[PDB]
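K.L.:
Below are the structure tokens for one structure; questions will follow.
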Amino acid sequence: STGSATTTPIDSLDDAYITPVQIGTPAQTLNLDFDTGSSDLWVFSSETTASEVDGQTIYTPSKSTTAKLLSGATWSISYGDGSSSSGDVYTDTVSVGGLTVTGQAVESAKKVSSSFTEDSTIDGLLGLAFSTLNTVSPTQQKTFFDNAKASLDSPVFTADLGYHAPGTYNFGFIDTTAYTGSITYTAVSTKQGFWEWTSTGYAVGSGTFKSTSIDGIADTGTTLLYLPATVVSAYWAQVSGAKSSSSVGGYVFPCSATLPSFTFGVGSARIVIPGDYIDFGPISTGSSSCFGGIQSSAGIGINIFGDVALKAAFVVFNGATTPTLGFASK
């Protein structure tokens with residue numbers, strides 16, 4: 001089997017992407033944030049504290065003939081940005097882009113933090129990291145991908161995120177029309193439960209390539225590119241007036257600037273992030289200070305190849321017995 005679903009930016013900044021997902025019988029379609037940096041499929045629901053729901057579409061398990069309470073199971077997750085959610089668990093039928101999993105754990109939120117409430121466009125998350133990170137207790141549950149894997153034509157999914165435009169998540173096949181040149185594959189460590197890999201270096205604008213190993217994660221659920229302070233300083237030094245602002249919470253730059261590109265290495269291959277992809281616009285409405293899309297990972301504890309990086313590539317998440325990651329230009 002295969003699946004193919006369009007993913008759409010939630011706003012004009014590409015802060016996140018939503019993909020429609022069918023849950024239950026008859027189908028209830030919720031727009032979920034596919035997150036290769038976590039491993040829980042959770043939704044706003046009829047059980048979510050009413051004051052914490054503000055415009056989201058909810059899953060109502062009582063209206064699904066295929067929903068079953070997973071008795072005794074609870075979940076609770078905290079994300080890198082400090083947001084969180086928790087609740088109980090149902091199993092139900094879940095379909096993405098025509099690919100159906102029966103018996104998928106659907107984690108029903110009883111509580112969500114303010115960041116989730118305030119984002120009316122995101123009805124929940126669909127985790128695509130390794131199932132070892134799943135938070136369901138006392139019986140850990142599998143991700144949608146892990147459940148689907150055996151049925152897939154090939155044990156892969158691909159992320160093709162757009163810049164200020166829709167893109168695609170495919171399951172079970174590689175669309176050879178969706179990228180240019182060849183796909184370069186690179187080793188993955190699953191030791192921390194992430195799609196963790198080592199970039200071979202970087203360049204700033206038209207500058208020379210610096211060969212240096214940068215360990216990080218491919219994370220569709222993180223907006224920006226978080227890299228070591230040395231690398232980030234080298235980038236922003238090429239933008240007149242750019243500075244790190246503790247009051248704002250990272251590097252800002254004059255909105256009048258033209259940003260240089262940023263290149264990262266995948267083996268001997270190179271992925272170029274255009275400068276425009278690094279512009280996250282005014283820090284506050286009407287400001288002439290703009291927020292940068294490349295930020296320091298210092299104090300996160302891990303480098304993160306988030307959407308800023310991934311949307312410059314066609315990315316293969318290869319879940320074969322020895323997982324790997326593939327990157328192609330597009």
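Please note that chains go A, B, ... in the order of the structure tokens, that every chain numbers its residues from 1, and that ligands are numbered from 1 in the order shown.
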Got a sec: who's within 12 Å of residue 301 in chain A, counting only C-alpha atoms, leaving out chain neighbours fewer than 2 positions off, as a PDB file with N, CA and C atoms, in the first residue's frame?
P.N.:
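The file below, around_7.pdb, is the result:
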```pdb
ATOM      1  N   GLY A  80       9.959  20.658  23.033  1.00  0.00           N
ATOM      2  CA  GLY A  80      11.128  21.509  23.152  1.00  0.00           C
ATOM      3  C   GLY A  80      10.825  22.976  23.377  1.00  0.00           C
ATOM      4  N   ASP A 215      26.089  16.962  14.238  1.00  0.00           N
ATOM      5  CA  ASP A 215      25.069  15.987  14.607  1.00  0.00           C
ATOM      6  C   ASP A 215      23.754  16.703  14.878  1.00  0.00           C
ATOM      7  N   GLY A 216      22.655  16.249  14.289  1.00  0.00           N
ATOM      8  CA  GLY A 216      21.385  16.882  14.559  1.00  0.00           C
ATOM      9  C   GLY A 216      20.223  16.012  14.150  1.00  0.00           C
ATOM     10  N   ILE A 217      19.008  16.508  14.356  1.00  0.00           N
ATOM     11  CA  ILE A 217      17.818  15.725  14.041  1.00  0.00           C
ATOM     12  C   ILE A 217      17.010  16.357  12.923  1.00  0.00           C
ATOM     13  N   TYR A 226      18.259  25.135  14.013  1.00  0.00           N
ATOM     14  CA  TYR A 226      19.041  25.389  15.226  1.00  0.00           C
ATOM     15  C   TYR A 226      20.384  24.685  15.114  1.00  0.00           C
ATOM     16  N   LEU A 227      21.456  25.474  15.134  1.00  0.00           N
ATOM     17  CA  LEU A 227      22.804  24.963  14.896  1.00  0.00           C
ATOM     18  C   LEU A 227      23.776  25.510  15.941  1.00  0.00           C
ATOM     19  N   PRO A 228      24.995  24.954  16.007  1.00  0.00           N
ATOM     20  CA  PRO A 228      25.941  25.438  17.019  1.00  0.00           C
ATOM     21  C   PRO A 228      26.218  26.934  16.904  1.00  0.00           C
ATOM     22  N   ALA A 229      26.506  27.559  18.035  1.00  0.00           N
ATOM     23  CA  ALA A 229      26.680  29.001  18.104  1.00  0.00           C
ATOM     24  C   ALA A 229      27.750  29.505  17.159  1.00  0.00           C
ATOM     25  N   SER A 296      20.782  29.733  17.355  1.00  0.00           N
ATOM     26  CA  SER A 296      21.690  28.880  18.103  1.00  0.00           C
ATOM     27  C   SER A 296      20.955  27.748  18.816  1.00  0.00           C
ATOM     28  N   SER A 297      21.546  26.558  18.755  1.00  0.00           N
ATOM     29  CA  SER A 297      21.075  25.432  19.548  1.00  0.00           C
ATOM     30  C   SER A 297      21.683  25.375  20.953  1.00  0.00           C
ATOM     31  N   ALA A 298      22.531  26.340  21.314  1.00  0.00           N
ATOM     32  CA  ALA A 298      23.210  26.289  22.606  1.00  0.00           C
ATOM     33  C   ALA A 298      22.149  26.303  23.699  1.00  0.00           C
ATOM     34  N   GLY A 299      22.212  25.354  24.615  1.00  0.00           N
ATOM     35  CA  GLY A 299      21.187  25.277  25.639  1.00  0.00           C
ATOM     36  C   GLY A 299      19.899  24.550  25.260  1.00  0.00           C
ATOM     37  N   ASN A 303      21.214  19.860  18.004  1.00  0.00           N
ATOM     38  CA  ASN A 303      20.988  20.636  16.798  1.00  0.00           C
ATOM     39  C   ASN A 303      19.744  20.116  16.102  1.00  0.00           C
ATOM     40  N   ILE A 304      18.989  21.030  15.507  1.00  0.00           N
ATOM     41  CA  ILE A 304      17.692  20.672  14.922  1.00  0.00           C
ATOM     42  C   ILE A 304      17.594  21.196  13.501  1.00  0.00           C
TER      43      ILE A 304
END
```
K.L.:
For residue 224 in chain A, find every residue with an atom within 6 Å (counting only C-alpha atoms), except residues of its own chain fewer than 3 positions away, and show them as a ChimeraX atom specification.
P.N.:
/A:293,306-308
K.L.:
Can you write just those residues out, N, CA and C atoms, as a compact mmCIF listing (two decimals), in the first residue's frame?
P.N.:
```txt
# COMPACT_ATOMS: atom_id res chain seq x y z
N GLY A 293 15.74 32.96 10.84
CA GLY A 293 15.35 31.56 10.75
C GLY A 293 16.43 30.55 11.07
N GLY A 306 15.15 21.79 11.38
CA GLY A 306 13.72 22.01 11.30
C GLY A 306 13.27 22.43 9.91
N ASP A 307 12.06 22.96 9.84
CA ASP A 307 11.42 23.22 8.55
C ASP A 307 12.25 24.12 7.63
N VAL A 308 12.91 25.13 8.19
CA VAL A 308 13.77 26.01 7.39
C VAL A 308 14.73 25.22 6.52
```
K.L.:
Using only C-alpha atoms, can you tell me which of A:136, A:18, A:300, A:234 comes closest to residue 35 in chain A?
P.N.:
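The shortest atom-to-atom distance to residue 35 in chain A comes from A:18.
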K.L.:
Which distance in Å separates CA of residue 119 in chain A and CA of residue 54 in chain A, to one decimal?
P.N.:
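According to the coordinates, CA of residue 119 in chain A and CA of residue 54 in chain A are separated by 7.9 Å.
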K.L.:
Do you know which residues are at most 9 Å from range 67-73 of chain A counting only C-alpha atoms, after dropping those on the same chain fewer than 3 positions away, and could you put them as a list in words?
P.N.:
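Contacts, in chain order: residues 24, 25, 61, 62, 63, 64, 87, 88, 89, 90, 91, 92, 93, 103, 105, 136, 137, 138, 139 and 140 of chain A.
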K.L.:
Extract, using only C-alpha atoms, all DNA, RNA and protein residues at most 12 Å from residue 195 in chain A, discarding same-chain residues fewer than 5 positions from it, and format them as a PyMOL selection string.
P.N.:
chain A and resi 35-39+127-131+133+186-190+215-220+303-306+315-319+322-326
K.L.:
Kindly export the residues of the current selection with N, CA and C atoms, as a compact mmCIF listing (two decimals), in the first residue's frame.
P.N.:
```
# COMPACT_ATOMS: atom_id res chain seq x y z
N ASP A 35 5.01 15.41 12.81
CA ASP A 35 6.17 15.80 13.59
C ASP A 35 7.19 14.67 13.66
N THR A 36 8.23 14.74 12.84
CA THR A 36 9.27 13.72 12.87
C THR A 36 10.17 13.79 14.10
N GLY A 37 9.91 14.75 14.99
CA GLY A 37 10.61 14.88 16.26
C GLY A 37 9.87 14.37 17.49
N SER A 38 8.72 13.74 17.30
CA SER A 38 8.00 13.12 18.42
C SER A 38 7.22 11.92 17.93
N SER A 39 6.59 11.21 18.86
CA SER A 39 6.08 9.88 18.54
C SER A 39 4.69 9.59 19.09
N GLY A 127 2.97 12.02 15.37
CA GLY A 127 4.39 11.78 15.56
C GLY A 127 4.96 10.77 14.60
N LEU A 128 6.14 11.07 14.08
CA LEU A 128 6.80 10.23 13.09
C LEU A 128 8.26 9.93 13.46
N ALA A 129 8.64 10.20 14.71
CA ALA A 129 9.93 9.75 15.23
C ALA A 129 9.78 8.26 15.62
N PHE A 130 10.76 7.71 16.32
CA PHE A 130 10.73 6.28 16.61
C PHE A 130 9.81 6.00 17.80
N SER A 131 9.16 4.84 17.79
CA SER A 131 8.11 4.55 18.76
C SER A 131 8.63 4.46 20.19
N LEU A 133 10.00 6.72 21.73
CA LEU A 133 9.67 7.98 22.39
C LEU A 133 8.20 8.13 22.76
N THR A 186 22.28 9.03 4.13
CA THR A 186 23.21 9.22 5.22
C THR A 186 22.72 8.44 6.45
N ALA A 187 23.66 8.01 7.28
CA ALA A 187 23.36 7.14 8.42
C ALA A 187 22.52 7.84 9.49
N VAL A 188 21.69 7.05 10.15
CA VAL A 188 20.84 7.52 11.23
C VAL A 188 21.18 6.78 12.52
N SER A 189 21.25 7.51 13.63
CA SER A 189 21.26 6.89 14.94
C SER A 189 19.87 7.00 15.54
N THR A 190 19.34 5.88 16.02
CA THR A 190 18.05 5.90 16.71
C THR A 190 18.21 5.92 18.23
N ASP A 215 26.09 16.96 14.24
CA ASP A 215 25.07 15.99 14.61
C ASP A 215 23.75 16.70 14.88
N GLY A 216 22.65 16.25 14.29
CA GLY A 216 21.38 16.88 14.56
C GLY A 216 20.22 16.01 14.15
N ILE A 217 19.01 16.51 14.36
CA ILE A 217 17.82 15.72 14.04
C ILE A 217 17.01 16.36 12.92
N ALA A 218 16.43 15.51 12.08
CA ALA A 218 15.50 15.97 11.07
C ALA A 218 14.13 16.05 11.71
N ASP A 219 13.63 17.28 11.90
CA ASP A 219 12.45 17.52 12.74
C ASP A 219 11.42 18.42 12.05
N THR A 220 10.43 17.80 11.42
CA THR A 220 9.40 18.56 10.71
C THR A 220 8.52 19.38 11.64
N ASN A 303 21.21 19.86 18.00
CA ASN A 303 20.99 20.64 16.80
C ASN A 303 19.74 20.12 16.10
N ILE A 304 18.99 21.03 15.51
CA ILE A 304 17.69 20.67 14.92
C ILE A 304 17.59 21.20 13.50
N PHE A 305 17.53 20.27 12.55
CA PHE A 305 17.23 20.59 11.16
C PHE A 305 15.71 20.63 11.04
N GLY A 306 15.15 21.79 11.38
CA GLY A 306 13.72 22.01 11.30
C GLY A 306 13.27 22.43 9.91
N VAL A 315 13.03 14.93 1.28
CA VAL A 315 13.65 14.19 2.38
C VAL A 315 13.00 12.83 2.52
N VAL A 316 13.82 11.79 2.46
CA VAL A 316 13.39 10.41 2.62
C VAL A 316 13.71 9.94 4.03
N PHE A 317 12.67 9.52 4.74
CA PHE A 317 12.78 8.88 6.03
C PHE A 317 12.66 7.37 5.79
N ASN A 318 13.81 6.71 5.73
CA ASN A 318 13.88 5.30 5.40
C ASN A 318 13.84 4.46 6.68
N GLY A 319 12.71 3.80 6.91
CA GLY A 319 12.50 2.99 8.10
C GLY A 319 12.76 1.51 7.90
N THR A 322 17.78 -1.15 9.08
CA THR A 322 18.76 -0.12 9.43
C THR A 322 18.26 1.19 8.84
N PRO A 323 17.69 2.07 9.68
CA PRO A 323 17.15 3.30 9.09
C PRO A 323 18.21 4.24 8.53
N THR A 324 17.84 5.00 7.51
CA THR A 324 18.70 6.04 6.97
C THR A 324 17.84 7.24 6.58
N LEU A 325 18.50 8.35 6.26
CA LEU A 325 17.83 9.56 5.77
C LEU A 325 18.37 9.89 4.41
N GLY A 326 17.51 10.28 3.48
CA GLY A 326 17.95 10.73 2.18
C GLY A 326 17.56 12.16 1.94
```
